[PDB]
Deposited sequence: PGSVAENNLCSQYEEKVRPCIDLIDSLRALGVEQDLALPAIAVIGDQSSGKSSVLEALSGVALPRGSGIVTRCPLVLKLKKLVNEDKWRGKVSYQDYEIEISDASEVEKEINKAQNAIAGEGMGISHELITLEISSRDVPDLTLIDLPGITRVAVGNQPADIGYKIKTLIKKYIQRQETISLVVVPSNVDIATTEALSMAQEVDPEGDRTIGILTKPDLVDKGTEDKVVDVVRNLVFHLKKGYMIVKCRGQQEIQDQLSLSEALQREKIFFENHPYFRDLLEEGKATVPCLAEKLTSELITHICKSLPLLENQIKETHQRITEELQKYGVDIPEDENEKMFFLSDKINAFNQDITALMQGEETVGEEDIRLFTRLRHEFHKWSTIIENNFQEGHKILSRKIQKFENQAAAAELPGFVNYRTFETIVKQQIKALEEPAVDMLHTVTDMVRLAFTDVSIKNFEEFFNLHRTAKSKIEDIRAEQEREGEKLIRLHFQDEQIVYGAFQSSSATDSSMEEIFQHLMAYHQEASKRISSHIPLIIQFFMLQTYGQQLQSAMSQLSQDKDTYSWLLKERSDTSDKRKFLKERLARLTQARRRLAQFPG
């Protein structure tokens, strides 16, 4: 309760988690000449977002990005150095008088469009308490500070007001200031406080900061309007310090369960989104082999589905096997047309008044040779298209795997298609082997059937079965050649990087859980 509640969040902040996760905080809103700079001086005792981690010392540190310096006089120079070097700068101070309190200071309001958005970036989170610093003589209605605070915190339930430099309050309107601090104008759950600090003329001398601590108490003890606010514990820096730490702790404690609820669901969101980008490539050579082999197996199964007309397809389209059945139907029609036209051609020679007629049927049969070979070509093209479309679906992220697959797909096409043409072509050399009209016409039906049957079977044999077979064999052999694993498993840098960032994000999220679970 004492100090740990604060130690908790700040280390979660040091985790770099704050980008994935909202951490309980007091954000310090600065105005134009609000003198906020001086108020922090009062608490600390000594621009892109500054984190003030304050710890009060018996026994008796600055970090820009990764690096740090150690000592209290030198602090001023280290600050301005780090800046020149929107990223968090943390400052940890420890002395007997400094409060136990962590604040985050933002650039004061005034390329301005950007500062609002930076400020809004912190303020809009219901886990942020907006700590508004405005000079007390100016109307609070006009101040940009409150307006921002109000834009984000409509009900004033996460905002705290600091009125500054109560000297320059126009005489006659002291009671208006008192109504604001007493909460009578714009109502804040967490309230108002008023403080007096280092003005223009003392910052030039820079007389001692602890002497100023005694300069407040006599300003408020003697002031006729504000003496009443001190009796009510709403005036001075030491009072301000106590209230802030009281309020911070109350916030952190209130916030915890809704936060442990928030980390879980974020963890999920990252892990769900992490799924879409595959998995890591194993360091171990053997695990590498199993990884590649599994990838080969799924390619090889998608190829298999094609071979069997089993592959999963769209509602309108049809399976490759079926598309080849339609080619094969077109082919039968070609046989049918060839058969009858040969019938017409033969009657035009027999009643034109033996082996002259044998030759004529033979020529009618040979004419089918090119339809057959075209069909060979037409079908390999379909399968090649199919096989490469599988290689796309499986190996896009692994371009060498895809490159290699394509290469085999092409190499085995050239080989199988050659073999298929050979057998088709040779089939039409093997073929040279009114009672005459019939004998020839019956001979003609036999030959066609032979041809109508074998040609598709050869096409199917070489360009679908043997083709798929060999390719699968070829791919499966990649797993034997270990010194190519490094090349084959090279993957796209785009998704390779996307995964890398998420794993890092998820890592920091996991540490967070760990430290949060440790605390109770």
Next on the checklist: Without any C-alpha position in the structure, which residue ranges of the deposited sequence would you list, numbering from 1?
Outcome noted: 1-15, 62-71, 83, 87-90, 102-103, 118-126, 152-161, 405-418, 499-513, 601
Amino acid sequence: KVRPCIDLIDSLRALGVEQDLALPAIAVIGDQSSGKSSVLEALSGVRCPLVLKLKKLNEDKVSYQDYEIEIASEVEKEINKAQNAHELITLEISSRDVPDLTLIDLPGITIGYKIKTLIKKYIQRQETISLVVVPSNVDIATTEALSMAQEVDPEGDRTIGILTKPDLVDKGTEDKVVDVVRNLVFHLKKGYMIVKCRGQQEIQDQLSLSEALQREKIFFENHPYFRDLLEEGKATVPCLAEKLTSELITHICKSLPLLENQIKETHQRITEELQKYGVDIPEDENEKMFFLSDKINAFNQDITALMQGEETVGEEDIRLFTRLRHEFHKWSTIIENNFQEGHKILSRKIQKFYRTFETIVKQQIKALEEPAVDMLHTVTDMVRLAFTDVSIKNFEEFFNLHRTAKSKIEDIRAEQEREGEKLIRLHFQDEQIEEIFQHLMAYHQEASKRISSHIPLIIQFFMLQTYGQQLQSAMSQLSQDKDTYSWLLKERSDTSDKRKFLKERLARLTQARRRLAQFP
From here on, numbers count along this sequence of modelled residues.
Item to check | Entry-level comparison of average CA B-factors, 387-395 and 424-432, reporting the higher stretch | outcome: 424-432
Item to check | Mean C-alpha temperature factor, higher of 91-99 and 436-444 | outcome: 91-99
Checklist entry - Between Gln214, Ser147, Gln364, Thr159, which carries the biggest CA temperature factor in the record? => result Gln214
Item to check | Top residue by Cα temperature factor, when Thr322, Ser347, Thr304, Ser73 are compared in the entry | outcome: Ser73
Checklist entry - Based on the entry's values, in what third of the chain does the Cα temperature factor of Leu457 lie: lowest, middle or highest? => result lowest
Item to check | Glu174, C-alpha B-factor rank within chain (lowest, middle or highest third) | outcome: middle
Checklist entry - Can you tell me which third, lowest, middle or highest, the CA B-factor of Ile69 falls into for its chain? => result highest
Item to check | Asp381 - which third its CA temperature factor falls in, relative to the rest of the chain | outcome: lowest
Checklist entry - Taking the C-alpha B-factors as the PDB entry records them, is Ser493 in the lowest, middle or highest third of its chain? => result middle
